[PDB]
Structures are given as structure tokens and as C-alpha cells.
Amino acid sequence: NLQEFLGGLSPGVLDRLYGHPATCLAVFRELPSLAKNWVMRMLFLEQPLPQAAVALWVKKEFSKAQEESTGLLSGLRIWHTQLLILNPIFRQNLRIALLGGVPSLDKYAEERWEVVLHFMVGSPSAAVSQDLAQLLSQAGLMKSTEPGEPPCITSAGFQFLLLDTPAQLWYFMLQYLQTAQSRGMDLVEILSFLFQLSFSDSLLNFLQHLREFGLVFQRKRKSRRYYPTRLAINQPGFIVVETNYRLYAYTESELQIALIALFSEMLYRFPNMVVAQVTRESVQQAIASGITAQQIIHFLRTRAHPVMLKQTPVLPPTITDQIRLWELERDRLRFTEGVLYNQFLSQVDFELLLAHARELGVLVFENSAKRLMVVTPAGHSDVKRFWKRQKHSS
Amino acid sequence: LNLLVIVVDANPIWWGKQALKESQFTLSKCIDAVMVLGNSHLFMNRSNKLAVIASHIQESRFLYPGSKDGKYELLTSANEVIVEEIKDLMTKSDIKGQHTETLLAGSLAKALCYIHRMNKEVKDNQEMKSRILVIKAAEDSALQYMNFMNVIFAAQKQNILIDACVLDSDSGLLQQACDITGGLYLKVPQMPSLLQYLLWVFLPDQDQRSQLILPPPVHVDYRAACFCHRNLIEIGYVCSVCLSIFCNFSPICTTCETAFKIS
Amino acid sequence: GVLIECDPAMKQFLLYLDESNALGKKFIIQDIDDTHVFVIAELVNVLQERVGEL
Amino acid sequence: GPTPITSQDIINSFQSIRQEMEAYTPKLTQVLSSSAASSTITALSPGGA
Ligand SMILES: [Zn+2]
Ligand SMILES: [Zn+2]
């Protein structure tokens, strides 16, 4: 979430990111319930106040809200104890932010995201863009390994595909920012634009990428002015599920049919409907590709036709249980690197060695009944030395 | 969402008395504080909305239905509209010596029906928790008791909180009014520091008011008096028509003219 | 070694391949308990073919 | 109801208040001061007024 993204930041980047135009307001809206009230209170105070007052300024009931809000805003570093006055820069910017100093667009965003997903899946016809392809490849959801051949889809790719559009886009933009820092694009400048949307060379490239994603559209041969789409700020279902593992989806866009075929066997395709079967073969194929039953169940539930909404639960218990059992049927091997010792002599002496590999992060599996500790070869030169020291101590 | 309505009692007689006294506090600063409170209320959230009403001896008028200084456009529009309308209203006003007491019941009635209109127009998906932040500034009128009580009971039925912020005077009628609907009652004795009181006591909405420490409510003296000499009475002799609190047993209450039968 | 987390009833499935395969000296090098086994690195992809019959 | 309870003064007050608000938007500094805010917070403290 955006709260996680902002919490994972340093004070030096935080105060700079608190730009005058929008950031002080976008981060304010994040404040879930009560911290808004305290920010408004001590927006006009130039004198810090004791912490005991803030502690006792919430009744005994519902105090956990007080502690959680205080911790969240301490992490955000909106104020400092100074002994709880707010940061002067944030106070000034917030005062400046508080009395101081379309139908075609949504369709465009939908179509652009749909073609992006078409390219993501193995669609022969899709929009071509080398920058988009390499960005998706380095986002961790795609791997090519051969420039001549079109890139394939990794295991995480299917999971990302089956996610809903809001979370899908949000995670995609999170990965975009994380890779922006890697490629060298300043994070603060690009981040501030997202906040400003909900109200330079790097800016132009970032806006080009956003337009490729379909969140914005200049509409004037790439002019300075832009008109953000609905997705920039941040529908009825069509699938009918039977009790015999049969799906009737009122789908005209090929994207939905492809998504359903990812985990179902298609039987018929009518102009305004398509018939598929959820069989062991298709479900286990999806599970092997990497999906888990939770994504499939959530996808079918969110794309649930209004006819089946009346029944509770919306998705039949037999279908849900069958999908879950099919996914459980498979349990899979793992991969790690390690080295094992033996002849550990005294018992109380083996317990002290277990804490050496656990603190360094090179321990995989321990055994106090046989004395059997696995150590990765990456930290083999540090565990052996410790063992030698212990032997010397005797 | 929350619909806040600031009922400012801008009584020219009293505020101009302050101006003649040359006191530190002035109606300009009071209007600025109210403006800041409204700006902060809308600052809280986009869905939140506000309105302002000014009271005068004659009538009450609404003060509220780019980035030259790098300002938020909506709050800039609010500042401009309120400033212009308040200056116009204060500058233009007829003189009537007979009527000088400040009018508040009519302003509150306007606020109530405005809140009802907004509640009707707003989509049923989102629930609106309206509030009326009354800011009295002068002594109330005796003749307004009945209508003010009507509007208070209407607010109670319609679930709106009357948060009174009387200053320089303690209106028993207004404290009784807010007590009925459960709205807070704060009597700021430091007029220059009034805005700090708003950003703490009044600004938090009913959602968070319970889970917050605020000044304890003031004891309310629910007095009763007979219609003859206007004095506290603990035992009242009302009839079945007038429903009037009287002095002592009488053959017939004057306000009724009924043919009471002795027994 | 290579840590492999599995099922207690499925641990003996890889042990039968140890006494049958004549490629190396010994397949399983260290059997930790019932849900943890070790292995020379090379047969995870080959084991995926046996899922059709398992 | 039961609730209980010169001429030139109105003229003077009316004219003075009419001339009061020829200047507007002093919010930058005039509305509040830190000393008064701190006094208000101390008053709102349990031992305060
Ligand atoms: Zn009497
Ligand atoms: Zn009567």
C-alpha cells in the first residue's frame, strides 16, 4: 500500500518529498481516522507540547487507535519530540495547502490497459513497444532470455494477470517506482506527480510511460497540458458458474476469454457468450504455471454474473472445494545451498553454535536430537572460525 | 461525509460596541477564525462540505452556497465569496431602533432546511452527518424562545448536533438548546485565542467526538416560572389547553378562558 | 545440501529412487526427519514428470 | 416563555463596524499567535481552565 511505500523511506527523502503543492495533502488523506484531527490541531502552534498530553488526549476506550496513529505518524516523522511540534517545513506547506500561498478518457484507459494485458499474454496481435517490453521484463513478471524470440511469461506473471485491475495497476506502478530508482530516475519528482494527479527530461519520460500505460492522454500531439483518466487518480460481472464445472461468460473482449482459458477448457464461443469447462487438466495446468486456487476463486467471484449474486455464497461450494482440493493435490520440491557438520560431542555446547548461524542468516535447518546443523557455503568461513574459537575456549 | 454549517452571530450593535471600545478582538478577526475553521473542515476530506450563515437584527444571509498565491482553488473561492458577501452585508444595513436584539432562531431554521435539502440531493450511497457550529456573540431575546425551541426539537428529530460556542455571554436558552441535541457547549473566555478552541473542541466530528477528551458539559438549569412575574417555580399548574406553567391555583387561567369546574 | 520440504507419507517416494538409480553413489545424502530431505542438485525438473502418475 | 431575562450608541457602533472591515484576509499572522495558542492548550489541560 501507499502507506507501506511512504513508511519505507528515510527522513532526508521524506522532508524533500513533502513538496508544497500536493504531497502534504495526499499524505494527509492517508491518515486513517484521528491523526487528521491532531494534524489540524497543531498546524497553528509554534511551541512544542508534552507527550503526556497527547497520551491522555484519548479516552481509555479505543486507545489502540491512539497508539497506532502515533506510531504511524512517528514513522512518517511529521513531528519531533524536541524534548511534539510538527516539522516546520511540513507545517508551512500544510498551511499553504489550507487557505494559504471524460467518457472517452475512461474508454481510452480501458483499451490501453487491455492491449497491455494482451501483450502480457501470448496474444499474436498486440501493441509493440520495446521500452514497455523491457520494463515489464525487468519488473519481475516477465523473462525473455532471447531478444529474437518474444519473451515468455514467468510464474509471477500469471498471478499478476489474474489480479483485479486496481490492485494490478497499483502493484505495477509500485514496481515502476522501484525500477525507476534502479534506472536512476529521481523517485521524489515522479512520486509527487502521482499525488498531484489525484487533485524536465525525467518528467517527460515518466509521463510518456504513464501515457503508454493509459493513465493519461495529452490528446494534443503531446502537449504540456494533460487530462488524466480515471485510473490516474488511483463493474458488473459476466461469468455464470454451474454445479458441473461449466462456465458461461458473456465476454466479447478477447482478454477475458484468454484469462478464462488460462484455467479452463473452452468448448464453444458465441458472439456474446463463451462456454468453458473447469477440469482437472486446466486447473492443474494453471497451478503448475504458478497460480493458486485463491486467485482463481477471487477472479470468478469478482467477475460473477448478477444472476448468481442472489444465491449465497455466490460461487457454489462444490466448485470452490473442488478447485481447492485440486490445488492441494500438488506439493512440490525446493532448492537451497548448504553444508553439514557432525560429531558435536557435548549437548549444551551444540545449543550455543545454533545461535551463531541464526544471527548471521546462514542457518537453514537445525536438529537438537542428532546435532545436525546445515550451513550455507556463503558463510562457511565465519562459522568454522567460531567453532574453532569455541574449541579453544573448551 | 460531514456537512458543517457555521451560524455566526454578527450582531452589528455588539460588534460595533467592541469597535468603539477599541478592544483587541474584532469582527474581522472573528470572521477570519470562522473562515479558517471552515477551510480546515473541508481540508479534512474532499467529501466534507460546509456552509456559512450570518445573523443580523433584520434577517440572516448565507455567506456560502486561479492560484494567484499558489492556493487551492476551492478554498480560494470560499475565501473570496465569504469576504465579499460579509463586507456587503455589513456595509449595507437599515436602522431600526425598535428592533436591535440579534436574531438566531430564523438563521437556525434556514440552516436546518438547507441541511434537509442537501440530505435529499446527496446520493443515498453515502451517509451525511451534518452539524451546526453556532457562534453566538450577543444576548438572546426573550420573545424568540418558542421558535428557537421548535427548531431545536426539529434538529433533535432530524439528528443534527448544535455545537454552541457562545462568547462574552452565557445564553441559557442556547445552552439548553445544545444540551437537548447533545452538541458540545464551550464558553471561550479568551477571545483572541478562539481559533485554537475550534480546532480542538468543535472541529472533530461526531464520529471521533466520543473517542476523544473534551471539556465536560456545563450543568443546565431547566428552570420553570409562572406566566405572571417571571420567576423560578418548582410546582406548575398547567391546564389541558394552554399547557402553560402558572403561579397558583385560579378559577380560570387567563390564557384559556375555559369554564373550569371546581371539585 | 539442498533443503526440500515434503510430506511424511511422500518422503519414502524419493527413497525408492535412491535404491533404484545407478547414476551416482547415493541420491539422498542426509534425511533430516519426515518433512525435510537433502539431495545432490539435479532431479527437481525430472520429478515433475512423475506428477502425472502421482 | 418561562425562560427569564443610548440611541446614539447604536449609530456609533454601526458606523464604526461599517468602517472596521475595509481590510480583509489578515490570516497570515493576525488571527493567531503562538503564546496565546500555548495558553489555550495549557487551559485545555486537565488542571487548566
Ligand atoms: Zn405568579
Ligand atoms: Zn388554559
# chains A, B, ... in the order shown; residues from 1 in each chain; ligands from 1
call {"tool": "residues_near_ligand", "arguments": {"ligand": "ligand 2", "cutoff": "6 Å", "atoms": "only C-alpha atoms and all ligand atoms", "output": "PyMOL selection string"}}
result
chain B and resi 239+241-242+253+255-256
call {"tool": "write_last_selection", "arguments": {"atoms": "N, CA and C atoms", "output": "CSV table (one decimal), in the first residue's frame"}}
result
chain,number,residue,atom,x,y,z
B,239,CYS,N,-53.0,23.7,32.5
B,239,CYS,CA,-54.3,23.2,32.0
B,239,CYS,C,-54.1,22.2,30.9
B,241,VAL,N,-55.3,22.8,27.8
B,241,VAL,CA,-55.4,23.5,26.6
B,241,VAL,C,-54.2,24.4,26.4
B,242,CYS,N,-54.0,25.3,27.3
B,242,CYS,CA,-52.9,26.2,27.2
B,242,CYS,C,-51.6,25.5,27.4
B,253,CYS,N,-57.6,30.0,34.2
B,253,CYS,CA,-56.4,30.6,33.6
B,253,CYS,C,-56.7,31.6,32.6
B,255,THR,N,-55.1,32.8,29.9
B,255,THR,CA,-54.8,32.4,28.6
B,255,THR,C,-55.7,31.4,28.0
B,256,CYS,N,-56.7,30.9,28.8
B,256,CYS,CA,-57.6,29.8,28.3
B,256,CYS,C,-59.0,30.3,28.2
call {"tool": "residues_near_ligand", "arguments": {"ligand": "ligand 1", "cutoff": "7 Å", "atoms": "only C-alpha atoms and all ligand atoms", "output": "short mmCIF file (atom, residue, chain, number, x, y, z; two decimals) with N, CA and C atoms, in the first residue's frame"}}
result
data_model
loop_
_atom_site.label_atom_id
_atom_site.label_comp_id
_atom_site.auth_asym_id
_atom_site.auth_seq_id
_atom_site.Cartn_x
_atom_site.Cartn_y
_atom_site.Cartn_z
N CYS B 226 -43.84 30.98 36.50
CA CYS B 226 -45.23 31.22 36.15
C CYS B 226 -45.29 32.37 35.16
N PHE B 227 -46.34 32.39 34.35
CA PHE B 227 -46.52 33.49 33.41
C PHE B 227 -46.80 34.82 34.09
N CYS B 228 -46.96 34.92 35.41
CA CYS B 228 -47.21 36.31 35.92
C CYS B 228 -45.93 37.16 36.05
N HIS B 229 -45.10 36.95 37.08
CA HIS B 229 -43.96 37.87 37.35
C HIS B 229 -42.59 37.34 36.87
N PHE B 246 -48.15 28.12 35.47
CA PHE B 246 -48.81 29.24 36.13
C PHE B 246 -48.33 29.42 37.56
N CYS B 247 -48.85 30.49 38.18
CA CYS B 247 -48.45 30.88 39.53
C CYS B 247 -49.09 30.00 40.59
N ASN B 248 -50.41 30.09 40.71
CA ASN B 248 -51.12 29.38 41.75
C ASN B 248 -52.48 29.00 41.22
#
call {"tool": "select_by_dssp", "arguments": {"residues": "segment 99-142 of chain B", "states": "strand (DSSP E or B)", "output": "PyMOL selection string"}}
result
chain B and resi 131-135
call {"tool": "write_last_selection", "arguments": {"atoms": "C-alpha atoms", "output": "PDB file, in the first residue's frame"}}
result
ATOM      1  CA  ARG B 131     -23.529  19.656  12.234  1.00  0.00           C
ATOM      2  CA  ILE B 132     -24.296  23.268  13.152  1.00  0.00           C
ATOM      3  CA  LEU B 133     -21.450  25.202  14.804  1.00  0.00           C
ATOM      4  CA  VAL B 134     -23.418  28.091  16.262  1.00  0.00           C
ATOM      5  CA  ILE B 135     -21.204  31.004  17.340  1.00  0.00           C
TER       6      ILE B 135
END
call {"tool": "residues_around", "arguments": {"residues": "residue 39 of chain D", "least_positions_apart": "4", "cutoff": "10 Å", "atoms": "only C-alpha atoms", "output": "ChimeraX atom specification"}}
result
/B:190,193,196 /D:34-35,43-45,48-49
call {"tool": "write_last_selection", "arguments": {"atoms": "N, CA, C and O atoms", "output": "compact mmCIF listing (two decimals), in the first residue's frame"}}
result
# COMPACT_ATOMS: atom_id res chain seq x y z
N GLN B 190 -11.14 33.53 26.37
CA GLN B 190 -10.02 34.20 25.70
C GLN B 190 -10.40 34.35 24.23
O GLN B 190 -10.11 33.48 23.40
N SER B 193 -7.67 33.93 21.43
CA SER B 193 -7.27 32.54 21.20
C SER B 193 -8.45 31.65 20.85
O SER B 193 -8.44 30.45 21.18
N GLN B 196 -7.92 28.30 18.33
CA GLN B 196 -7.42 27.08 18.94
C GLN B 196 -8.55 26.26 19.54
O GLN B 196 -8.53 25.03 19.47
N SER D 34 1.46 32.29 18.80
CA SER D 34 1.94 31.10 19.50
C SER D 34 1.73 31.19 21.00
O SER D 34 1.37 30.19 21.64
N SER D 35 1.98 32.35 21.60
CA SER D 35 1.81 32.49 23.04
C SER D 35 0.37 32.23 23.44
O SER D 35 0.10 31.49 24.40
N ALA D 43 -4.72 25.77 29.23
CA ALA D 43 -6.07 25.84 29.79
C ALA D 43 -6.84 24.56 29.53
O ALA D 43 -7.51 24.03 30.43
N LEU D 44 -6.76 24.03 28.31
CA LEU D 44 -7.43 22.77 27.98
C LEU D 44 -6.83 21.59 28.74
O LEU D 44 -7.48 20.55 28.83
N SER D 45 -5.63 21.74 29.27
CA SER D 45 -5.05 20.69 30.10
C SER D 45 -5.94 20.45 31.31
O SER D 45 -6.68 21.34 31.74
N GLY D 48 -5.99 23.04 33.75
CA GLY D 48 -6.28 24.36 33.22
C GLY D 48 -7.75 24.72 33.30
O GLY D 48 -8.60 23.94 33.74
N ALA D 49 -8.05 25.93 32.85
CA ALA D 49 -9.41 26.44 32.86
C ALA D 49 -10.25 25.80 31.76
O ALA D 49 -9.72 25.34 30.74
call {"tool": "select_by_dssp", "arguments": {"residues": "segment 59-142 of chain B", "states": "helix (DSSP H, G or I)", "output": "number ranges by chain"}}
result
B: 73-91, 105-121, 142
call {"tool": "write_last_selection", "arguments": {"atoms": "N, CA, C and O atoms", "output": "short mmCIF file (atom, residue, chain, number, x, y, z; two decimals), in the first residue's frame"}}
result
data_model
loop_
_atom_site.label_atom_id
_atom_site.label_comp_id
_atom_site.auth_asym_id
_atom_site.auth_seq_id
_atom_site.Cartn_x
_atom_site.Cartn_y
_atom_site.Cartn_z
N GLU B 73 -7.76 26.01 -5.23
CA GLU B 73 -8.75 26.83 -5.93
C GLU B 73 -10.06 26.89 -5.16
O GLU B 73 -10.69 27.96 -5.06
N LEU B 74 -10.51 25.76 -4.61
CA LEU B 74 -11.80 25.73 -3.94
C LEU B 74 -11.80 26.60 -2.69
O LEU B 74 -12.72 27.40 -2.47
N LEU B 75 -10.76 26.47 -1.86
CA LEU B 75 -10.67 27.30 -0.67
C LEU B 75 -10.47 28.76 -1.03
O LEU B 75 -10.95 29.65 -0.31
N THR B 76 -9.77 29.05 -2.13
CA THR B 76 -9.66 30.43 -2.58
C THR B 76 -11.03 31.01 -2.93
O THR B 76 -11.34 32.14 -2.56
N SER B 77 -11.84 30.23 -3.65
CA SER B 77 -13.19 30.68 -3.97
C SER B 77 -13.99 30.92 -2.70
O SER B 77 -14.73 31.91 -2.59
N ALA B 78 -13.87 30.01 -1.73
CA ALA B 78 -14.56 30.20 -0.45
C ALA B 78 -14.14 31.50 0.22
O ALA B 78 -14.99 32.29 0.66
N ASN B 79 -12.83 31.75 0.30
CA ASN B 79 -12.35 32.98 0.92
C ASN B 79 -12.93 34.20 0.22
O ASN B 79 -13.48 35.09 0.88
N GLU B 80 -12.83 34.25 -1.11
CA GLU B 80 -13.30 35.42 -1.83
C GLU B 80 -14.80 35.64 -1.62
O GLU B 80 -15.23 36.76 -1.32
N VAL B 81 -15.60 34.58 -1.78
CA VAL B 81 -17.05 34.74 -1.70
C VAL B 81 -17.46 35.19 -0.30
O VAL B 81 -18.25 36.13 -0.14
N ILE B 82 -16.92 34.55 0.74
CA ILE B 82 -17.31 34.93 2.09
C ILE B 82 -16.87 36.35 2.40
O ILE B 82 -17.65 37.14 2.96
N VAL B 83 -15.65 36.73 2.03
CA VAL B 83 -15.18 38.08 2.32
C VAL B 83 -16.08 39.11 1.65
O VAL B 83 -16.57 40.05 2.29
N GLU B 84 -16.34 38.93 0.35
CA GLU B 84 -17.14 39.91 -0.37
C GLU B 84 -18.55 39.99 0.21
O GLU B 84 -19.06 41.10 0.44
N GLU B 85 -19.19 38.85 0.45
CA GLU B 85 -20.58 38.87 0.90
C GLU B 85 -20.69 39.46 2.31
O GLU B 85 -21.63 40.22 2.59
N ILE B 86 -19.76 39.11 3.20
CA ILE B 86 -19.83 39.64 4.56
C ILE B 86 -19.60 41.15 4.55
O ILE B 86 -20.29 41.90 5.25
N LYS B 87 -18.64 41.63 3.74
CA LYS B 87 -18.44 43.07 3.67
C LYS B 87 -19.68 43.76 3.13
O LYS B 87 -20.09 44.81 3.64
N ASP B 88 -20.30 43.20 2.09
CA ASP B 88 -21.51 43.81 1.53
C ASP B 88 -22.61 43.89 2.58
O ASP B 88 -23.25 44.94 2.77
N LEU B 89 -22.85 42.77 3.29
CA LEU B 89 -23.92 42.74 4.27
C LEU B 89 -23.67 43.73 5.40
O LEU B 89 -24.59 44.44 5.82
N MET B 90 -22.43 43.80 5.90
CA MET B 90 -22.15 44.72 6.99
C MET B 90 -22.23 46.17 6.52
O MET B 90 -22.73 47.04 7.25
N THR B 91 -21.75 46.46 5.31
CA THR B 91 -21.77 47.83 4.81
C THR B 91 -23.20 48.33 4.61
O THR B 91 -23.52 49.46 4.97
N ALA B 105 -32.90 32.28 15.81
CA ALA B 105 -33.82 31.18 15.53
C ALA B 105 -34.09 31.06 14.04
O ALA B 105 -34.12 29.96 13.49
N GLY B 106 -34.31 32.19 13.36
CA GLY B 106 -34.53 32.15 11.92
C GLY B 106 -33.32 31.63 11.17
O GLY B 106 -33.45 30.85 10.22
N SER B 107 -32.13 32.05 11.58
CA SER B 107 -30.91 31.56 10.95
C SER B 107 -30.78 30.05 11.13
O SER B 107 -30.41 29.32 10.20
N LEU B 108 -31.08 29.55 12.33
CA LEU B 108 -31.01 28.12 12.57
C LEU B 108 -32.06 27.37 11.76
O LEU B 108 -31.80 26.26 11.28
N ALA B 109 -33.25 27.94 11.60
CA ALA B 109 -34.26 27.32 10.75
C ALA B 109 -33.78 27.22 9.31
O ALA B 109 -33.95 26.18 8.66
N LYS B 110 -33.19 28.30 8.80
CA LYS B 110 -32.61 28.26 7.46
C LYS B 110 -31.55 27.17 7.36
O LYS B 110 -31.51 26.41 6.38
N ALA B 111 -30.68 27.06 8.37
CA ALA B 111 -29.66 26.03 8.37
C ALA B 111 -30.29 24.64 8.32
O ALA B 111 -29.84 23.76 7.57
N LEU B 112 -31.32 24.41 9.14
CA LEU B 112 -31.95 23.10 9.20
C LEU B 112 -32.55 22.71 7.84
O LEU B 112 -32.34 21.59 7.36
N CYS B 113 -33.30 23.62 7.22
CA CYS B 113 -33.91 23.26 5.94
C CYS B 113 -32.85 23.12 4.85
O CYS B 113 -33.00 22.31 3.93
N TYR B 114 -31.77 23.90 4.93
CA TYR B 114 -30.66 23.73 3.99
C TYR B 114 -30.04 22.34 4.13
O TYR B 114 -29.73 21.67 3.14
N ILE B 115 -29.82 21.91 5.38
CA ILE B 115 -29.29 20.57 5.62
C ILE B 115 -30.24 19.52 5.08
O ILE B 115 -29.81 18.51 4.51
N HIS B 116 -31.55 19.73 5.25
CA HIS B 116 -32.52 18.78 4.70
C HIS B 116 -32.44 18.72 3.18
O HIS B 116 -32.49 17.63 2.59
N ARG B 117 -32.31 19.87 2.53
CA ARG B 117 -32.19 19.91 1.08
C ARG B 117 -30.95 19.16 0.62
O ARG B 117 -30.99 18.38 -0.34
N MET B 118 -29.81 19.40 1.29
CA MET B 118 -28.59 18.71 0.91
C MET B 118 -28.70 17.21 1.14
O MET B 118 -28.22 16.41 0.34
N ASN B 119 -29.34 16.81 2.25
CA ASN B 119 -29.53 15.39 2.52
C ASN B 119 -30.41 14.73 1.46
O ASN B 119 -30.18 13.58 1.09
N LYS B 120 -31.43 15.45 0.98
CA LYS B 120 -32.26 14.91 -0.10
C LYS B 120 -31.47 14.78 -1.39
O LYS B 120 -31.56 13.76 -2.08
N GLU B 121 -30.68 15.80 -1.73
CA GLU B 121 -29.99 15.79 -3.02
C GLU B 121 -28.85 14.78 -3.04
O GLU B 121 -28.59 14.15 -4.07
N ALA B 142 -35.92 37.44 24.62
CA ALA B 142 -36.92 36.63 25.31
C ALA B 142 -38.01 36.15 24.36
O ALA B 142 -38.48 35.02 24.46
#
call {"tool": "decode", "arguments": {"residues": "segment 21-42 of chain D", "atoms": "N, CA and C atoms", "output": "PDB file, in the first residue's frame"}}
result
ATOM      1  N   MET D  21     -14.095  46.791   8.558  1.00  0.00           N
ATOM      2  CA  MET D  21     -13.636  45.709   7.690  1.00  0.00           C
ATOM      3  C   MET D  21     -13.330  46.192   6.272  1.00  0.00           C
ATOM      4  N   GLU D  22     -12.731  47.377   6.144  1.00  0.00           N
ATOM      5  CA  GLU D  22     -12.196  47.783   4.848  1.00  0.00           C
ATOM      6  C   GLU D  22     -10.946  46.999   4.473  1.00  0.00           C
ATOM      7  N   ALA D  23     -10.316  46.319   5.428  1.00  0.00           N
ATOM      8  CA  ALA D  23      -9.190  45.432   5.170  1.00  0.00           C
ATOM      9  C   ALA D  23      -9.575  44.005   5.534  1.00  0.00           C
ATOM     10  N   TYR D  24      -9.193  43.056   4.684  1.00  0.00           N
ATOM     11  CA  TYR D  24      -9.610  41.670   4.841  1.00  0.00           C
ATOM     12  C   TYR D  24      -8.441  40.736   4.552  1.00  0.00           C
ATOM     13  N   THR D  25      -8.606  39.480   4.965  1.00  0.00           N
ATOM     14  CA  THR D  25      -7.620  38.422   4.782  1.00  0.00           C
ATOM     15  C   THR D  25      -6.323  38.732   5.524  1.00  0.00           C
ATOM     16  N   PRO D  26      -6.380  39.004   6.839  1.00  0.00           N
ATOM     17  CA  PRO D  26      -5.143  39.189   7.611  1.00  0.00           C
ATOM     18  C   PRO D  26      -4.626  37.887   8.205  1.00  0.00           C
ATOM     19  N   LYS D  27      -5.114  36.752   7.699  1.00  0.00           N
ATOM     20  CA  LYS D  27      -4.913  35.481   8.388  1.00  0.00           C
ATOM     21  C   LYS D  27      -3.440  35.171   8.614  1.00  0.00           C
ATOM     22  N   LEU D  28      -2.546  35.715   7.788  1.00  0.00           N
ATOM     23  CA  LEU D  28      -1.158  35.264   7.789  1.00  0.00           C
ATOM     24  C   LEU D  28      -0.575  35.259   9.199  1.00  0.00           C
ATOM     25  N   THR D  29      -0.810  36.326   9.961  1.00  0.00           N
ATOM     26  CA  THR D  29      -0.283  36.405  11.320  1.00  0.00           C
ATOM     27  C   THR D  29      -1.334  36.854  12.331  1.00  0.00           C
ATOM     28  N   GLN D  30      -2.310  37.646  11.886  1.00  0.00           N
ATOM     29  CA  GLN D  30      -3.172  38.345  12.834  1.00  0.00           C
ATOM     30  C   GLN D  30      -4.103  37.398  13.587  1.00  0.00           C
ATOM     31  N   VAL D  31      -4.585  36.332  12.943  1.00  0.00           N
ATOM     32  CA  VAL D  31      -5.647  35.535  13.556  1.00  0.00           C
ATOM     33  C   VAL D  31      -5.162  34.878  14.842  1.00  0.00           C
ATOM     34  N   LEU D  32      -3.948  34.324  14.834  1.00  0.00           N
ATOM     35  CA  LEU D  32      -3.465  33.564  15.977  1.00  0.00           C
ATOM     36  C   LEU D  32      -1.998  33.872  16.245  1.00  0.00           C
ATOM     37  N   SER D  33      -1.601  33.641  17.500  1.00  0.00           N
ATOM     38  CA  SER D  33      -0.226  33.801  17.955  1.00  0.00           C
ATOM     39  C   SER D  33       0.164  32.610  18.818  1.00  0.00           C
ATOM     40  N   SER D  34       1.461  32.290  18.804  1.00  0.00           N
ATOM     41  CA  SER D  34       1.942  31.096  19.495  1.00  0.00           C
ATOM     42  C   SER D  34       1.729  31.186  21.001  1.00  0.00           C
ATOM     43  N   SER D  35       1.980  32.353  21.595  1.00  0.00           N
ATOM     44  CA  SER D  35       1.813  32.491  23.039  1.00  0.00           C
ATOM     45  C   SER D  35       0.368  32.230  23.444  1.00  0.00           C
ATOM     46  N   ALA D  36      -0.578  32.823  22.714  1.00  0.00           N
ATOM     47  CA  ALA D  36      -1.989  32.603  23.015  1.00  0.00           C
ATOM     48  C   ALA D  36      -2.380  31.150  22.779  1.00  0.00           C
ATOM     49  N   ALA D  37      -1.829  30.525  21.735  1.00  0.00           N
ATOM     50  CA  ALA D  37      -2.127  29.117  21.482  1.00  0.00           C
ATOM     51  C   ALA D  37      -1.633  28.238  22.622  1.00  0.00           C
ATOM     52  N   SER D  38      -0.420  28.493  23.105  1.00  0.00           N
ATOM     53  CA  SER D  38       0.117  27.720  24.219  1.00  0.00           C
ATOM     54  C   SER D  38      -0.717  27.928  25.477  1.00  0.00           C
ATOM     55  N   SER D  39      -1.146  29.167  25.725  1.00  0.00           N
ATOM     56  CA  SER D  39      -2.020  29.421  26.865  1.00  0.00           C
ATOM     57  C   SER D  39      -3.325  28.637  26.734  1.00  0.00           C
ATOM     58  N   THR D  40      -3.886  28.591  25.522  1.00  0.00           N
ATOM     59  CA  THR D  40      -5.122  27.839  25.309  1.00  0.00           C
ATOM     60  C   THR D  40      -4.917  26.352  25.569  1.00  0.00           C
ATOM     61  N   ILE D  41      -3.792  25.796  25.106  1.00  0.00           N
ATOM     62  CA  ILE D  41      -3.533  24.374  25.339  1.00  0.00           C
ATOM     63  C   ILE D  41      -3.360  24.098  26.827  1.00  0.00           C
ATOM     64  N   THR D  42      -2.638  24.967  27.537  1.00  0.00           N
ATOM     65  CA  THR D  42      -2.497  24.790  28.976  1.00  0.00           C
ATOM     66  C   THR D  42      -3.854  24.859  29.670  1.00  0.00           C
TER      67      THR D  42
END
